[PDB]
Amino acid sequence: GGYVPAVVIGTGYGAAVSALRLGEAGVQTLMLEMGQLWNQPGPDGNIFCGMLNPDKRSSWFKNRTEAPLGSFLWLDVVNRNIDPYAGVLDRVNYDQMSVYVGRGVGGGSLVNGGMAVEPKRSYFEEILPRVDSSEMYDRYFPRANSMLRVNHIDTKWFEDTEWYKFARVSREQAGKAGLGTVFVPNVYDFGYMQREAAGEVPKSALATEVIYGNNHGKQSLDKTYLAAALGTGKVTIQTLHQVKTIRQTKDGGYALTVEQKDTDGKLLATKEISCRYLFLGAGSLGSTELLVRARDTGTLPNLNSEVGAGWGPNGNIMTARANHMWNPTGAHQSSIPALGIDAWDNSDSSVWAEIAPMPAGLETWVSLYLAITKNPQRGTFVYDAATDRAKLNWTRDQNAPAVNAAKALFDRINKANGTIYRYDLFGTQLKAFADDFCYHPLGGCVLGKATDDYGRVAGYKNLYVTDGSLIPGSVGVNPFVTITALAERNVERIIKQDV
């Protein structure tokens, strides 16, 4: 423990942008990450386990592996009991919602599908009217794409390869309903993916890896922003260090209590770390819990009532259609999506749907979709002092508008093609729409509500939030490009005016 000029909590998108720019500005910066640095070959010689061979590396402190959502019917057979371990993917269970987040250096960039998508400017303008959309679209979004290593699939290869048959089938089906598809830019190197298919390089996307990490191809933040931040000479990263409490010191600045653990979860030390500038990049869940805890235990008593509010799951809904026998989706499906259905017009019927691959590795005729919808419902994180946890006050009926929007779009597709939903992919009960999970948690510390328009926490100086907690519950697309671009805007301004 001791003093560092700047501390960044977490190592996801908001954190990584912040630390790079701080380091470039000459500010010595310590990043504290509760998960691991994923660079140690494991028992199979790989850093990460695949989706057909999950082991303790797959899961943050659970005692059994779980099938990727949509896949239980085919992948429960590979599940096994495991030791609780500092694995890469954390299913965080709240009363009526399960939020999936990455744990490690790089955060959700380790486990996500790589999809780098800019929101519709008119929707950005609706959700954040206090922000200048011009600089976002002409400066920050381009900067983020370049630093993230966003790239584009070759359309000829896409059209030919067996690995994207699943995507072409849904494109054809959607077309019969008058719905168009879009190619989705990615941080997975598509050139690498071609060479995987050709047998020239080790497979990752083409070997059923994504949600527990990619051993190859995916340019997660440890390779992009965080590598650059380390390269400044002004940034260091301490792992298996979880920030528990934040206080304003009597002499200025912030002090943190930080627990260091081993990979089995044993407590090794509790350290006090202080700083001048404190940046929260612990995610929608993590940053919001730190601040509700600090307000409600009296260590940051001047936090406002908007801390904790305004959470939403980005309208996330999963659903699946049963194809006709003559439309097999293939046994070989790249684990990186390449196409979406863009039916998003900012109205309440809007849907942006990823055409999602399935990992079963045999023909199932199923088409899987992750829908992103416009649902005004929000939840609130409240502090439970008894257990020292933020609890998310969301109820499953709050996803009814999301279900309704997703169903209306997929009903069109089913009507045009004479197909039906699958009802058995998410559990025993007939359920065509998974409505109590989230991959894209947004809000809790909303920009302009809990913070100023650059993420400065209201009530405090030199205290910043940088991450998905800033976004008001919805962006209409996969969120990380927006988190990244918004973090570029925010840290630039903070450094210029405050540092």
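Numbers follow the displayed sequence, beginning with 1.
S.K.: Can you tell me which stretch has the higher mean Cα B-factor, 294-302 or 104-112?
M.R.: Between 104-112 and 294-302, it is 294-302.
S.K.: Per the record, averaged over C-alpha atoms, which has the higher B-factor: 78-86 or 178-186?
M.R.: Between 178-186 and 78-86, it is 178-186.
S.K.: Between 131, 99, 309, 148, let me know which has the highest C-alpha B-factor in the entry?
M.R.: Of the candidates given, the C-alpha B-factor peaks at 131.
S.K.: Quick one: which of 243, 360, 280, 226 shows the highest Cα temperature factor in the PDB entry?
M.R.: So the option with the highest C-alpha B-factor is 360.
S.K.: Looking at the temperature factor on the CA atom of residue 495, which third of the chain's modelled residues does it land in?
M.R.: Its C-alpha B-factor belongs to the middle third of this chain's values.
S.K.: Taking the entry's C-alpha B-factors for this chain, is residue 461 in the lowest, middle or highest third?
M.R.: Ranked within chain, residue 461 CA B lands in the highest tercile.
S.K.: Lowest, middle or highest third: which one holds residue 164 when the chain's residues are ordered by CA B-factor from the entry?
M.R.: According to the entry, residue 164 has a C-alpha B-factor in the chain's middle third.
S.K.: Sorting the chain's CA B-factors, does residue 337 end up in the lowest, middle or highest third?
M.R.: Its C-alpha B-factor belongs to the middle third of this chain's values.
S.K.: C-alpha B factor of residue 321, ranked within the chain: lowest, middle or highest third?
M.R.: Its C-alpha B-factor belongs to the middle third of this chain's values.
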